[PDB]
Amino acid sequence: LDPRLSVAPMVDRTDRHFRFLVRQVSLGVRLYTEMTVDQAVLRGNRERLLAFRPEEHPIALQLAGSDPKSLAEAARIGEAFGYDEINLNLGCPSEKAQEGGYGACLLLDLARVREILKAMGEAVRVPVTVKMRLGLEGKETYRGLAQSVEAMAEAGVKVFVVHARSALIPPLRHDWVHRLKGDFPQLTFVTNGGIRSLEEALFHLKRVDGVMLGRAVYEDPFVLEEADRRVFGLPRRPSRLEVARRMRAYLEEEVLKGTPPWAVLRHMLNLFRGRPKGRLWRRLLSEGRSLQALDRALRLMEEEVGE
């Protein structure tokens, strides 16, 4: 597992269509599914919920839940679909996450978290990792955070993705994640929260093992343009037009397979953010919502940049 760079799990954003797009920008970057509740994996349409394209590797499935055997079975299912990693959400503070007794709620029961992670780790051969917050607003202490990490490490976890803000406006404390690395040199820490550029990511990579970017990537996928070269050492550099042409081929195939065109197009609106004709690109796709509209938008862009 190369922990250096990942795109954050984002419900309603990081579905297989957006993940496919990001993969065209960076071959190296690790992708994460939207938070996927264990009960939905167990009782829902598993193929529809979990199937993904081989190009999306490396990819982690993020699960949420509260019961060891349920999460272990959901992890087995995720492993069967080919996921490279099973990530446990320990950071969701939403109203839903509270009623369901998962996400950030669980940190208040380290004993249970421990039993969950042991069960999950024994169930699958791929890595089981965690994504967590700094703590629950009010009683955020570094000692508490470290106590939580130590407990989860006893359960076998090695990779910790830490969204470096307390949950419930509490500030980012990336320094705490830097401190964690100092206290637990043998574990892997990926910091997350408010990182808006690759340059900012490289700043943090000097202190921790990895950086996870969420919102900045959805706002402008080409924030990752230099990642393959500057982070992964690959002699590769994407162009927006090349990515768009690859997305056109993907859309054509997906619509024939029964995918509504907007399911794909809604995630392509920012491909030319800040570029000449960037706003026209967005309007054309938003108004047209079809392969034909994408074709029109492509032609105008190809005339704009050239060859």
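Just count from 1 along the sequence shown to find any residue number.
In terms of unmodelled positions of the deposited sequence, the stretch from residue 168 to residue 169 in this entry skips 10 or more residues. Taking the mean C-alpha B-factor of each stretch as recorded, 88 to 96 and 72 to 80 are not equal, and the higher mean is that of 88 to 96. Checked against the record, the higher mean CA B factor of 278 to 286 and 52 to 60 lies with 278 to 286. Highest C-alpha temperature factor among 127, 101, 193, 210, as the PDB entry reports it: 101. In the deposited coordinates, the residue among 115, 199, 228, 219 with the greatest CA B-factor is 115. When the modelled residues of the chain are ordered by their C-alpha B factor, residue 24 lands in the middle third. Sort the modelled residues of the chain by CA B factor and residue 164 lands in the lowest third. Among the modelled residues of the chain, residue 119 sits in the middle third by CA temperature factor in this PDB entry. Annotation for residue 142: C-alpha temperature factor in the highest third relative to the rest of the modelled chain, per the entry. Sorting the modelled residues of the chain by their CA temperature factor places residue 224 in the lowest third.
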